[PDB]
**Student:** 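Right, I'll just put the structure down here and ask away after.
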Amino acid sequence: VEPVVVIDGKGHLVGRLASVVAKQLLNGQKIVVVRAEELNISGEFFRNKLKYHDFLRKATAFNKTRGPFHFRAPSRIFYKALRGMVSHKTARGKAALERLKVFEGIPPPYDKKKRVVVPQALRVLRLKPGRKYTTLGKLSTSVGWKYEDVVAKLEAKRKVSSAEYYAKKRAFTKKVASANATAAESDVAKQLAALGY
Amino acid sequence: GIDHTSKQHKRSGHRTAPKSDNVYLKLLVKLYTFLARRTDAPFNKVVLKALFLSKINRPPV
Amino acid sequence: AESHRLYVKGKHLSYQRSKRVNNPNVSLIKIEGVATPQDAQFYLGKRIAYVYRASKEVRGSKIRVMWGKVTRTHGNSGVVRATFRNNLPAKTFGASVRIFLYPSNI
Amino acid sequence: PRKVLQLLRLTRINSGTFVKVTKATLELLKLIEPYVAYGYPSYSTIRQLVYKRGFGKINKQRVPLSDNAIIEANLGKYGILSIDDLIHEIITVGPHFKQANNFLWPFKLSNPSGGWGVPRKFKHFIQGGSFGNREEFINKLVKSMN
Amino acid sequence: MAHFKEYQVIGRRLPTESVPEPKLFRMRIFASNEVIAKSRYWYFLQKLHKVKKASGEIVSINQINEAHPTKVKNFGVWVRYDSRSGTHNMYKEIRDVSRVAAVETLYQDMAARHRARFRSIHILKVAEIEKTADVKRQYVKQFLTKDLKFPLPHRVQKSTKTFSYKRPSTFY
Amino acid sequence: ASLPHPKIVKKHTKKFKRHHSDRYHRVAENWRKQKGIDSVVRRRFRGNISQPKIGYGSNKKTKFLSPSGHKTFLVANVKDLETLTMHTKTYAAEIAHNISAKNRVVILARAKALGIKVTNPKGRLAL
RNA sequence: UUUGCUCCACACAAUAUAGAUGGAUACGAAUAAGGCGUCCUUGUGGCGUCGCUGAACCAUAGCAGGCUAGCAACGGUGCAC
RNA sequence: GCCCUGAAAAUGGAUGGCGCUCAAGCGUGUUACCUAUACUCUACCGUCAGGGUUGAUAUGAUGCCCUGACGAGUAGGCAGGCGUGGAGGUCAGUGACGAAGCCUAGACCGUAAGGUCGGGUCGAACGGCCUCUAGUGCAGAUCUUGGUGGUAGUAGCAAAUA
RNA sequence: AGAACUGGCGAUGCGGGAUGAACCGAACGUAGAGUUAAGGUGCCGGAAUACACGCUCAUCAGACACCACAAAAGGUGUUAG
RNA sequence: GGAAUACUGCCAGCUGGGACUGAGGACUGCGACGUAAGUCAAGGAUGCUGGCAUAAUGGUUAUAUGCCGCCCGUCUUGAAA
RNA sequence: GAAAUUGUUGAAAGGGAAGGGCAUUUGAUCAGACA
Ligand SMILES: [Mg+2]
Ligand SMILES: [Mg+2]
Ligand SMILES: [Mg+2]
Ligand SMILES: [Mg+2]
Ligand SMILES: [Mg+2]
Ligand SMILES: [Mg+2]
Ligand SMILES: [Mg+2]
Ligand SMILES: [Mg+2]
Ligand SMILES: [Mg+2]
Ligand SMILES: [Mg+2]
Ligand SMILES: [Mg+2]
Ligand SMILES: [Mg+2]
Ligand SMILES: [Mg+2]
Ligand SMILES: [Mg+2]
Ligand SMILES: [Mg+2]
Ligand SMILES: [Mg+2]
Ligand SMILES: [Mg+2]
Ligand SMILES: [Mg+2]
Ligand SMILES: [Mg+2]
Ligand SMILES: [Mg+2]
Ligand SMILES: [Mg+2]
Ligand SMILES: [Mg+2]
Ligand SMILES: [Mg+2]
Ligand SMILES: [Mg+2]
Ligand SMILES: [Mg+2]
Ligand SMILES: [Mg+2]
Ligand SMILES: [Mg+2]
Ligand SMILES: [Mg+2]
Ligand SMILES: [Mg+2]
């Protein structure tokens, strides 16, 4: 519906979120993913770390600069899983990937926008209670990501600014709701109540 | 997919017209073709079929 | 008012296809707001127009239209099958189409 | 099994033919059991098959049963003079069942409209497939294919 | 193998001149439809008496309906099944409202826990436990406690649209 | 101005070109049947060129018919042009390529009087 | 290298669209738990209320939206400072 | 029953890939849905079989017309057609007011073999139809003769004192 | 390596098994519509992130015939008897 | 003791929406509705209306996009090798 | 005065080949009837 959909990556499963996003891109929808360092993967930390080390040892024998590239950033990790679900070698596939943006945290162009969630890919709604899961931000640092502290420092600053905005908005909503309740019990309100509004 | 019980597009195996190019012989075939069609007499059908035979199949009498 | 829309928004998904063979004669159309094969029976027979722009002007206009109609439904998710006089180009996979309310049965 | 199918005039898939149940015909059905699905037809199934897909073999030609004149011209000597008399000789096996049944060209059915109802056809109906003796359940299958 | 119905099948040997009017044999069969029930009748009769379909006939087949379909009952079932090596006997208890709805639970449990298909399971007897404390399986006795009461934490709600505009809650 | 006919249907408008005629200059585009043992075109693999066959034959009602609805009959002078005086709704005269410029003027003038259509009336026309 | 280069407003020509057709409507955290309102001794506090989907909220009437008269409020909204 | 130990090979690595953990895994059950040159119905092409029709004054009885079914293919067989050099007959055929040849992401006819037309170049002979005849159709044979490329302005143009 | 019966490949495309002369479905004139086979319905990929009862957590899980392999012997891991 | 409903089956019961097709070309046949004359959905589509009359439809050609497509000839059970 | 091959002018496309089949978008070009 919206021209651009902004998805908050916190508390999502990497595989199920990527499948949802990949289908949206091929249908002409634009998707923006924020806070990629808060993504979740089912399974304990040691299992996913061992799998990544297996991926690390796959490279071209005669020249390491031609083989697979092992990106470490959480945004790039999600991009790799998403690119595997899209036929990126075709002109149609390249067009779909041009509609995708992945970020760590919430950069200033999208901090004052509305973020949505995908109930299909939510970890809390999918994994059975008591199961193990891995946070993508912690895993990336273990394999060579070097910007976990700066993201945390800037993200803490963003929450302070956003909390102040919410306090002002909450007060304004309280004032409007009080006026709306006062305006009730009138003839216009009764007529609207008869028609469901 | 059809499980044929016999050969397909098989010709009858009998002569329908004379092999020769004799104009007078073809006139007799045209005459007896009409008779064999509008007289239902077994003699006419026999004579019409016998006009198609080859030389070895028409020994002298 | 500020809205003059008399059609339902739609998207061109792809041609009718197998795993490795496609048929351009039939195009799959996704209609916004429909998620049930039963809800898609309303839009059967409705006219579909694909509107695009061109640099050259022919009949006093630089806008060209390809017409079509809805024939049947497709799958369990409300997708329908549409056929056009000329098949839609493959580059329009994901482009917006207009589904009008005529012929009307209301 | 191939020769028995030809003797029952089943040369293409989804073809049908009525068979009179005797001791000799039961042994034929056992041989071609994996390849056919058969059962016990009802009056409604027989009537709809003849009206919609009824074709006669007249002078080695497939002639649609569109009028009672052709039935009279080819089955008059056996006492049959109408399409319902032809149906009557089928539902009730009469003395002239062989001539009436052989007159009808083998039925050419399509695939069932609702499907076969099973993931794999080539298993016995008892085990969950398609072929075998499904008795009165054949009426539901034939109507879908007709 | 499908939704189950209970059929009473009564069979008999073909009468002869030496012994006219032979004995009648009856047995309850759980089957998807009428065709399977008659086939299963000959399968079990060939394991008990010198008779088969060719030399026998089916006298009558009737469907059995539950007298009280809407009353919760405790059922004890005895089964004989074949594993990958050898044959084993087994007794299990199922709590449900009807025999047909309790046999289907048994076939699901046998396939899930023992990998036993329909073809390798024999239903020896299905009986209803009438008195409490005759239940000897703890997974059934726990539902027989006076004033049973338990909540349903962590409710998950299905979503009809791809995107949601608020963080969901699992309250119930 | 010809006899009414049903709409003409072309089953295969595309030309049947010889395999690998675009790969080598020594191979002409005139159709030739592939007869190799391992030939993919002969074995009819998916994604290869289609071959001529009797199924592509055109309807006998509209066979040999030009888009205008007339049959093409070559003419060389006045005498053979007059053979179409009673069949102006079925045949259209066409002047042969080797007819001189001055003789084409005579043929065109004669055809106008008889009402016979000419498919190439602008050949060697000194305008 | 014949008054070139650059920013601004529109005058006219050409160019192309991976695809406007009312509005991308902003806390954070938890989920075997929370949002909002209210009171106090300001707490891991007391009480009330809400959820069970955005099926919402805002916006939306007039020649794709003209020309005029009057009434009640001193509001709502567009553009340039 | 499932899972784990038993369980060690060499370029980097493959449940087809991504990825999936009340599965998108394993056992089993019920529905809905997707799509083959297969099946049902219609049109058209061809083949085969069985039939109708000689009555002039309008043209093919090898003609016209009705009915039904059928169509995969190497080695190989038969049939109907297209094209080339030359020969007898015919069209009292085309032509220096331009024959033949060649060029032509120009047009038309045929399922195809091919035919015809427009435009350009060109300069002296050539074609349709019924028949006769053969040194009669090329993509290959490390084929024959002749001509031309990429390599490539590359290897190289450094013995014998200057 | 050598025999018996039948069906196939060779001589054969088409849908499926990613990929393959033989396996599964099914054999073919040129087109249109409908319904299916074998195999499938998270994304690549056309089709339910369908419904239902259980089991399994592997620091080398498992994932579909031909077919691209694993055993004897063990575990107070867990489930049922 | 008296009903209802589920499940399965039948109707030569009625009725709404969508898609593809229009083959044939004087009459002849089998029927239906009518006292009749006639009519009809009965051996294959007609009636009404609009715009344009040209590159607008369409053809050819170049390019772009989706899916598919391994190098021919030959010997061979088997050749893209 | 043909083809292989080559120069100039004009048009077009080009991210480790090019060429091909089905369908359509775009550019250029073209025949047919106006009864
Ligand atoms: Mg592509
Ligand atoms: Mg580094
Ligand atoms: Mg369907
Ligand atoms: Mg199946
Ligand atoms: Mg052509
Ligand atoms: Mg071969
Ligand atoms: Mg399952
Ligand atoms: Mg088909
Ligand atoms: Mg065929
Ligand atoms: Mg053939
Ligand atoms: Mg050229
Ligand atoms: Mg010349
Ligand atoms: Mg000279
Ligand atoms: Mg020679
Ligand atoms: Mg040569
Ligand atoms: Mg050769
Ligand atoms: Mg050579
Ligand atoms: Mg040489
Ligand atoms: Mg040098
Ligand atoms: Mg040197
Ligand atoms: Mg061989
Ligand atoms: Mg495999
Ligand atoms: Mg899909
Ligand atoms: Mg066009
Ligand atoms: Mg292409
Ligand atoms: Mg490919
Ligand atoms: Mg060898
Ligand atoms: Mg080879
Ligand atoms: Mg040249």
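Here is how names work: the chains are called A, B, and so on, in the same order as the sequence lines, proteins then strands, and each is numbered from 1. Reckoned from all heavy atoms, side chains included, excluding hydrogens, waters and symmetry mates.
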**Student:** Using the aromatic ring of E:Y165 (for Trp, its six-membered ring), decide whether it stacks on the base of G:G54 within the limits of 5.5 Å and 30°.
**Tutor:**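 Stacking is present between G:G54 and E:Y165, given that their ring centres fall under 5.5 Å apart and the planes under 30°.
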**Student:** Quick check: on RNA chain I, is the nucleotide nearest A:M85 upstream (toward 5') of the one nearest D:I13, or the reverse? Name the residue that is more 5'.
**Tutor:**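 The residue whose closest nucleotide sits nearer the 5' end is D:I13.
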**Student:** Counting the atoms with a prime plus P, OP1 and OP2 as sugar-phosphate, which does D:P119 contact under 4.0 Å by heavy atoms, base, sugar-phosphate, or nothing?
**Tutor:**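 Here D:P119 touches the backbone only, sparing every base.
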**Student:** Between the base of G:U21 and the side chain of C:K9, is there a donor and acceptor pair under 3.5 angstrom?
**Tutor:**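 No, no donor-acceptor pair under 3.5 Å.
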**Student:** Expressed in angstrom and rounded to an integer, what is the separation of B:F34 atom CZ from H:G52 atom P?
**Tutor:**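 So the two atoms are 12 Å apart, to the nearest Å.
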**Student:** With hydrogens left out and only the distance checked, is there a donor-acceptor pair under 3.5 Å joining D:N111's side chain and the base of I:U35?
**Tutor:**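 Answer is yes: a donor-acceptor pair is held.
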**Student:** Would you say the bases of H:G86 and H:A87 stack, taking the criterion to be ring centres below 5.5 Å apart together with planes below 30 degrees?
**Tutor:**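 Base stacking between H:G86 and H:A87: present.
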**Student:** Could you pick out which residue, A:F46 or C:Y15, lies toward the 5' side of RNA chain I when each is mapped onto its nearest nucleotide?
**Tutor:**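 Checking each residue's closest nucleotide, the 5'-ward one belongs to C:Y15.
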**Student:** Classify the nucleic acid contact of E:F171 as base, sugar-phosphate or nothing, counting any heavy atom under 4.0 Å across all strands shown.
**Tutor:**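 E:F171: base contact, heavy atoms under 4.0 Å.
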**Student:** Write down the distance separating the P atoms in H:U74 and I:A11, rounded off to the nearest Å.
**Tutor:**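 Each nucleotide's P atom is 10 Å from the other's.
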**Student:** For residues F:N103 and F:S100, is any side-chain donor paired with an opposing acceptor at under 3.5 Å?
**Tutor:**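 Yes, side-chain donor-acceptor contact under 3.5 Å.
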**Student:** Of the nucleotides G:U60, J:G17, J:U74, which has the atom closest to the F:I37 side chain?
**Tutor:**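 Looking only at side-chain atoms, F:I37 lies closest to J:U74.
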**Student:** Under the 5.5 Å and 30° test, is C:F93 stacked on the base of G:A18?
**Tutor:**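 Ring-base stacking flag not set for C:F93 and G:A18.
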**Student:** More 5' along RNA chain J: D:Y43 or C:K56, using each one's nearest nucleotide?
**Tutor:**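 By nearest-heavy-atom nucleotide position, the 5'-most residue is D:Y43.
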**Student:** Should the sugar of K:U9 be assigned to the north (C3'-endo side) or south (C2'-endo side) class according to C1'-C2'-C3'-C4'?
**Tutor:**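 North pucker for K:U9.
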**Student:** Would you classify C:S96 as touching base, sugar-phosphate or nothing, given that sugar-phosphate means primed atoms plus P, OP1 and OP2, and contacts are heavy atoms under 4.0 Å?
**Tutor:**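 Sugar-phosphate contact only.
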**Student:** Does D:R12 contact H:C39 through a side-chain donor or acceptor facing the base, at a distance under 3.5 Å?
**Tutor:**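 A donor-acceptor contact between them is absent.
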**Student:** How is the sugar of I:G46 puckered by the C1'-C2'-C3'-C4' sign, north or south?
**Tutor:**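 Here the sugar adopts a north pucker, which is what a positive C1'-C2'-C3'-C4' value indicates.
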**Student:** Regarding H:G110, can its base be found pairing with the side chain of F:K15 as donor and acceptor, where the two atoms are less than 3.5 Å apart?
**Tutor:**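 Side chain to base: pair present.
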**Student:** Answer with yes or no whether C:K19 presents, from its side chain, a donor or acceptor under 3.5 Å of a partner atom in the base of I:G45.
**Tutor:**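 Counting by modelled atom types and ignoring angles, a donor-acceptor contact under 3.5 Å is found here.
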**Student:** With a 6.0 Å cut-off on the ring centroids, do F:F16 and F:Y56 count as close?
**Tutor:**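 Between F:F16 and F:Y56, the centre distance is under 6.0 Å.
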**Student:** Is A:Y166 stacked on the base of G:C27 when the test is centres under 5.5 angstrom and planes under 30 degrees?
**Tutor:**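 Stacking is present between G:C27 and A:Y166, given that their ring centres fall under 5.5 Å apart and the planes under 30°.
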**Student:** Using a distance-only criterion (donor-acceptor N/O pair, under 3.5 Å, no hydrogens), is the base of G:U31 paired with the side chain of A:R123?
**Tutor:**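 Not at all, since no donor on one side and acceptor on the other fall under 3.5 Å apart.
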**Student:** Do C:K11 and C:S96 have side-chain atoms, one donor and one acceptor, less than 3.5 Å apart?
**Tutor:**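 Side chains of C:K11 and C:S96: pair found under 3.5 Å.
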**Student:** Using only heavy-atom distances, decide whether a donor-acceptor pair under 3.5 angstrom links the side-chain of C:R98 to the base of G:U21.
**Tutor:**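 Indeed there is one.
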**Student:** Please indicate yes or no: is the ring centre of F:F16 less than 5.5 Å from the centre of the six-membered base ring of H:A112, with the two planes inclined by under 30 degrees?
**Tutor:**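 Not stacked by the 5.5 Å and 30° rule.
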**Student:** Going by modelled atom types, is there a donor-acceptor pair between the base of I:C57 and the side chain of A:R47 at under 3.5 Å?
**Tutor:**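 A donor-acceptor contact between them is absent.
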**Student:** When you look at NZ of F:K71, are more than 12 heavy atoms from neighbouring residues, nucleotides or ligands closer to it than 6.0 Å?
**Tutor:**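 Counting other residues, nucleotides and ligands, NZ of F:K71 exceeds 12 neighbours.
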**Student:** Partner lookup for H:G63, please. Criteria are Watson-Crick or G-U wobble with both distances under 3.5 angstrom; report none if nothing qualifies.
**Tutor:**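 When the pairing criteria are applied, H:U53 turns out to be the nucleotide that pairs with H:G63.
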**Student:** With no angle test and no hydrogens, is the base of H:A69 tied to the side chain of D:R62 by a donor-acceptor pair under 3.5 Å?
**Tutor:**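 Answer is no: no donor-acceptor pair is held.
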**Student:** Do the side-chain N and O atoms of A:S42 and A:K132 include a donor-acceptor pair separated by under 3.5 angstrom?
**Tutor:**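 No, because no side-chain N or O of A:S42 sits under 3.5 Å from a partner of the opposite role on A:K132.
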**Student:** Looking only at the side chains, is there a donor atom on one of C:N23 and C:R17 sitting less than 3.5 Å from an acceptor on the other?
**Tutor:**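 There is no such pair (donor and acceptor under 3.5 Å, judged by atom type) between the side chains of C:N23 and C:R17.
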**Student:** What groove does B:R37 use, major or minor, by side-chain heavy atoms closer than 5.0 Å to groove base atoms?
**Tutor:**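 Per the N/O atom test, B:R37 is a major-groove contact.
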**Student:** If only side-chain N and O atoms of A:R16 are considered, is one of them under 4.0 Å from the OP1 or OP2 phosphate oxygen of H:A23?
**Tutor:**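 So the side-chain polar atoms of A:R16 never come under 4.0 Å of the phosphate oxygens OP1 or OP2 of H:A23.
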**Student:** Would a student be right to call I:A47 and I:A48 stacked, given the definition of ring centres under 5.5 angstrom and plane angle under 30°?
**Tutor:**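 Per the 5.5 Å and 30° rule, I:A47 does not stack on I:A48.
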**Student:** Looking at B:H9 and H:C70, is any side-chain donor or acceptor paired with a base atom of the opposite kind under 3.5 Å?
**Tutor:**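 Present.
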**Student:** For E:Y172 and E:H154: C-alpha separation, side-chain torsions, deciding distance, then whether ring pair (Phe, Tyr, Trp, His ring centres under 6.0 Å) applies.
**Tutor:** CA-CA 7 Å; E:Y172 204 179; E:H154 196 79; over 10 Å; no
**Student:** Is there aromatic stacking of F:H25 on K:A3 here, judged by a ring-centre distance under 5.5 Å and a plane angle under 30°?
**Tutor:**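 According to the criterion (under 5.5 Å, under 30°), no, F:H25 does not stack.
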**Student:** I want to confirm an ordering. Mapping C:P24 and F:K17 to their closest nucleotides on RNA chain J, which one lands closer to the 5' end?
**Tutor:**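 Comparing both residues, the 5'-ward one is F:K17.
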**Student:** Quick one: label F:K61 by what it contacts on the DNA or RNA (base, sugar-phosphate, nothing), any heavy atom closer than 4.0 Å.
**Tutor:**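 Since only primed, P, OP1 and OP2 atoms lie under 4.0 Å of F:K61, the category is sugar-phosphate.
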**Student:** Here's one to test your reading of the geometry: is the NZ or CZ of A:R123 within 45 degrees of the ring axis of A:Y133 and under 6.0 Å from its centre?
**Tutor:**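 Yes, cation above the ring, under 6.0 Å and within 45°.
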**Student:** When you get a sec, tell me which of I:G46, H:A38, H:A139 is the closest nucleotide to the side chain of F:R18?
**Tutor:**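 Of the options given, the side chain of F:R18 lies nearest H:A139.
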**Student:** Starting the side chain at C-beta, find the nucleotide from G:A55, H:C22, I:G45 nearest to A:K128.
**Tutor:**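 It is H:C22.
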**Student:** Rounding to the closest angstrom, what is the interatomic distance between H:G128 and H:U116 at atom P?
**Tutor:**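 Their P atoms lie roughly 8 Å apart.
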